[PDB]
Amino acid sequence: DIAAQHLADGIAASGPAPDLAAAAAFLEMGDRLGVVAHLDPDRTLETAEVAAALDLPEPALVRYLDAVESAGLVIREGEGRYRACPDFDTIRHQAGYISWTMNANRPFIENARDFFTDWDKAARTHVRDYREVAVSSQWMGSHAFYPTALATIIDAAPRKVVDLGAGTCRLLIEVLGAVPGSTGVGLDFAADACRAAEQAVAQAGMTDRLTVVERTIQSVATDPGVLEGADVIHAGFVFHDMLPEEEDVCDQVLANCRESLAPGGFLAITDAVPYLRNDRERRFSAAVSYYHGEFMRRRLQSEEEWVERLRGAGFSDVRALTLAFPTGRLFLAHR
């Protein structure tokens, strides 16, 4: 009788945490192996072929997939064939938040004492794995920021679209595929990301429309030529890296963005605003804010600071839109 009461009380106390904890660990483990990229609710993963492609022993891969099937994350369709559960993309999205705070930002969790005593020594010793930062933020973005930026670029029907920090040019290839007769300039300093975006642009069929330029966003303050005539300039979570050290460079990048825009054009920036108080956003906002401010020393600006800076760059009007990503804001700065 007492065991039944403790059972109902404990289920209410645990809530959704055991499911989320299990999903995040299985998905991070599978992503590091390269397995999660082959999991999709509309098609099967064939173990014989995937084990060869990923260079894993097939028995070990089958035991991983059988544990993930027992968890309810995949369905065994036939022998050696597994399909993701129908709500897989939502589970992967939620796992993104746990991976970001517990995996991508792990050096900060484990070595906080070092950061509090000698920040400069700690900042160069305990560094984040950039592949984990990239995958976890892509998972968070899938349902919480990427579709708002995507629908905003597309519905403006642009002739030219520029992406500052384009990465693998996924947003640029999707906007070009939906807007008939549009060109795009993908800007990213990484040679590894640019070479991957170059091959992805060719297979999509837009090698003449999409120009990949291996350059830093800070180089746009000196050379804004590639921005000229753009209808939409996109910048997703790339400006706070410059603040507060490269403040004047960042201000020049924004001023160049405004002058370069074609009539009716806009600069669409998505960024994180610091320490919100509202109940829905406050907890994740505080984690994003503390990791940026305390551990990375990157300046996050409020909506008011952002609007003032964007008006100081010549922009006539600035609109702020709340994103589902807690503490995330989309600023549309009209020329």
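Residue indices: 1-based, along the sequence shown. The term rigid core refers to the most C-alpha atoms you can superpose between the two forms while keeping them within 1.5 Å.
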*More shifted region, core-based fit in 5 other deposited structures of this protein, 246 to 254 vs 166 to 174 by CA*: 166 to 174
*Rigid core superposed, root mean square over structures and residues, which stretch has C-alphas farther from this form in 5 other deposited structures of this protein, 291 to 299 or 262 to 270?*
262 to 270
*For the stretches 148 to 156 and 215 to 223, which has the higher mean C-alpha B-factor as given in the deposited record?*
215 to 223
*asked:* Comparing average C-alpha B factors as deposited, tell me which of 226 to 234 and 205 to 213 sits higher.
replied: 205 to 213
*Out of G72, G80, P263, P107, which residue has the highest Cα temperature factor in the PDB record?*
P263
*From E132, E174, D89, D114, can you pick the one with the highest C-alpha B factor in the entry?*
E174
*Give the position of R170 by CA B-factor within its chain, expressed as the lowest, middle or highest third.*
highest
*Of the three thirds of its chain by CA temperature factor, lowest, middle or highest, which one includes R128?*
middle
*Sort the modelled residues of this chain by their C-alpha B factor and say whether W119 lands in the lowest, middle or highest third.*
middle
*Third of chain Cα B-factors occupied by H93*: lowest
_How does the C-alpha B factor of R76 compare with the rest of the chain: lowest, middle or highest third?_
middle
